[PDB]
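Just one chain is shown here, as structure tokens, and it is the form solved without its partner chain.
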């Protein structure tokens, strides 16, 4: 047995009635001095290391050529001056197993944490030495963490894309379905997760050029996409991951949900394709009144009105669709559909739930389009325009397919350094650079929307870690007060950085003038309501850091109106799965699942205590399953009001609660303004 995992297993050996948490420091120390320093390739000087990495196709020469080697040396000194030490064995293990650069035979280790951070910083700065040093300070302090694609591939030659979330709109045509399959395989080949909207596709039993009952529905396209994602699996190390989204008023909604039932046949069930359901407020209202709802055939609506069903307002056109004789509709029970959704989430965790009117009542770019679906992680909520892929000889009408670059602030380290403003602005700059350097040459709509919208996603993690290490319960009102103030400040500084970038570059995102930022309606609650902490305990947490007031928000609103905004979307809180270990942080803003996390890697068993877990804060690290999901919904809704995109909201359910409890949680989330619900995890 390895010495470091033997030391790491001494955490669970209870001495004097307490877990031996200090063993993990010894575990990581042994891990380093027995595996990492031995397996690390060491060079005489940094020049030899950089030459070796560039020559043997490990790095990219173009980005390293913008700095003189003295500047690169200064950046590397800045990284190593911090003398960063991983606080736990899991942090270092995850870094050196997932993100650290290794030789071509996966034998030795080329990059340390400082080397990877310096390379990512030099990639971000794009020739600026001082900016590279600022990025080095930001990441070595672990105040900001670039997403797994960016952190893993920044500055590497044989790399995937820096963006891994893509959202595709599929038009109701065979040419568009073929193009969707092709683009899904191309983006899965790049390593990205692809989400597809299947609402515009006509339902099963619709006509294809005046021959009736000809269309196979969205389930045939679902099978096509599932096999396309199985094919594009990247060696199978990380198999192709796709998501399909359907509006709840689509006629194929029941067949769409039946693809996830355990008793589904092999000719229907999809395995590699996640599913999400978009629920307008009309459906919730119909279920609330116990009235008879109707699902509609999309092609009939398109023929009658000239627009797709999901491109229309259901809360204003549902009655017109029902009364229209030329529209084909099927009678359903909305409460039965809700119960089926709850049962499916209990048994499989699917579908993702998107509350469409919750997304679009605060959506800043409804003039471009309404948000019709989310991503595979169920947190990207941006306007999309469907493309019109025509025959081979004809030109294609390219729409807007969503993609944003992810990045997480570490709430604990940002709050410790009292650097919300600087971290948010530097992270915004880095995400802007990642957006500018991303060029997808096989997804035309993704390319066009990346160039036009310039959308970024700046998330946060370690919310529960910060609260538990500060003696604040996750469900407590003080926690929600802190989240309100913190994320209002993050929104303020992200908007300020976006406006400053627009002023410097002299350009805004496409169709900015129709957005709520341009009209000033976005800033109404910020110029009217003060978001300063209401509790003295929380107010001391922000001591030494300026909290923008209503006057500051009015000044920012004037600044945005006079200079514009560079990013259509700025903030989205992703799950942040594996980078949370490296940053020694709790995953996303969701509460922790286990206080001490037990994992098996190969034939070795190792345990990961939550960051900062001890006996003085053992009960503040309350597990997500033991807490009220209503209070978690309250917390996420408090955070969501400052996030322009969505939050990957996982529901943590006990075995005792029924499907009615899950439905109640979903309805309370819809009532409280939750935009999306990610997973129904059951213990």
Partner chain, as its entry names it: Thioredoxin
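We call the rigid core the largest set of C-alpha positions that still match within 1.5 Å between the two forms. Residue numbers count along the first chain shown, from 1.
- Larger root-mean-square CA separation from the shown form, computed after a rigid core fit of the structures in 8 other deposited structures of this protein, is seen for 236 to 244 when 236 to 244 is set against 177 to 185.
- In 8 other deposited structures of this protein, superposed on the rigid core, the segment with the larger root-mean-square CA displacement between 447 to 455 and 227 to 235 is 227 to 235.
From this point on, the text means the form solved in complex with its partner chain, which you will not see here.
- Remark: residue 42 does not count among the residues lining its partner chain in the deposited bound form, judged by a heavy atom distance of 4.5 Å or less.
- When its partner chain is considered in the deposited bound form, residue 38 lies well away from it, no heavy atom lying within 4.5 Å.
- Remark: residue 67 does not count among the residues lining its partner chain in the deposited bound form, judged by a heavy atom distance of 4.5 Å or less.
- At a distance threshold of 4.5 angstroms between non-hydrogen atoms, residue 52 is out of contact with its partner chain in the deposited bound form.
- Among 101, 592, 556, 473, the residue placing a heavy atom within 4.5 Å of its partner chain in the deposited bound form is 473.
- Residue in contact with its partner chain in the deposited bound form (any heavy atom within 4.5 Å), chosen from 620, 63, 32, 652: 620.
- Only one of 22 to 30, 42 to 50, 636 to 644, 621 to 629 lies within 4.5 Å of its partner chain in the deposited bound form by heavy atoms, and it is 621 to 629.
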